[PDB]
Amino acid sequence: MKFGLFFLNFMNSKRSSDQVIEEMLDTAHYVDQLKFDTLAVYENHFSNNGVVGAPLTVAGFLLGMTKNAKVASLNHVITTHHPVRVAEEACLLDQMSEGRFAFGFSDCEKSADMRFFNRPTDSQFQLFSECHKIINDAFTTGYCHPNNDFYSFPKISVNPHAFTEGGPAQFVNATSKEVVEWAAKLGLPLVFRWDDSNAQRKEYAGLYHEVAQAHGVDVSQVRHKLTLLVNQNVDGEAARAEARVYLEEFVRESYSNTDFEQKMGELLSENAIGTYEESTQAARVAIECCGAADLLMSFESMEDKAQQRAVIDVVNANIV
């Protein structure tokens, strides 16, 4: 299994956006020299639950400041963006870094954002799919030329052309059965989400296998990823209390149509939170449930920097 880190960049009234960004950079510098091999950036807009709306821009900075880690967008939302901008940017990151960028992308999880960006939700998946087509055409051929319900313009070279043959590596967020099936058909790797329940991640993993086999796609070599939150403290109760405060707004924003307590309790027990023992066991269970090959962890909920670095260290030693 390969291990990496991801950054949510959640802010609050106390932890400002300036502070979280600075913390992300410092963490990136810190782990670049360790065994973690990827640094991924989460995309969020208009709320405190994530201060980075342009993960590709942040990936550029992270690539310029590090030398070893692969840097990735964790869930760049293509559905609400112009696919030519996305392709150009991803290719640009691939070129500037000589292949150290990996393209984690996603469909839109917030209808509000689709509305914001004047994209109809009724044809969401169709939109998503046409976007990806344009991006992939560019990645694989250097050009694109759509004439569909959403984009129509003359054939163009999308510059710069990719540095990596076939474009940078891609992976898609497992956000719906629909996307999961689409990915299996294309043989694309998935990223299972820290905020989904283990039952839901297992369901997605199963569906992917089932669809791939059904269409005869060889996915024996696909490496899925899993994201998980990590918060370790010998006082396990203190770890869960701290993660609770950290996640409260997120659950209210992203899981509004579900019981708050129930959802919060599940996130706290399913993510790698609590004592070292609890945290590690949760992580083993989550990997087993979804069969991911690679694990991305977020250590951000630990407010104490020294404790956070010590936990990153214990994890690193344990890979190593």
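Don't overthink the numbering: it's just position in the shown sequence, from 1. Definition used throughout: the rigid core is the maximal C-alpha set that superposes within 1.5 Å between two forms.
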Hey, after superposing on the core, which one moves around more in 4 other deposited structures of this protein, 183-191 or 211-219, CA-wise? 211-219
Fit on the core, then compare CA atoms: does 224-232 or 118-126 lie farther from this form in 4 other deposited structures of this protein? 118-126
Would 78-86 or 211-219 have the larger average of its C-alpha temperature factors, as given in the entry? 211-219
Going by the B-factors listed in the PDB entry, is the mean over the C-alpha atoms higher for 98-106 or for 120-128? 120-128
Out of 165, 242, 113, 235, which one has a C-alpha B factor higher than all the others in the entry? 165
So among 270, 26, 43, 253, who wins on Cα B-factor in the entry? 253
CA B-factor placement of residue 51, once the chain's modelled residues are sorted into thirds: lowest
By the recorded C-alpha temperature factor, relative to the other modelled residues in its chain, which third is residue 135 in? lowest
If you rank every modelled residue in this chain by C-alpha B factor, which third holds residue 21: lowest, middle or highest? lowest
Among the modelled residues of its chain, the C-alpha B-factor of residue 204 falls in the third labelled middle
Ranked C-alpha temperature factor of residue 177 among modelled chain residues, by third: highest
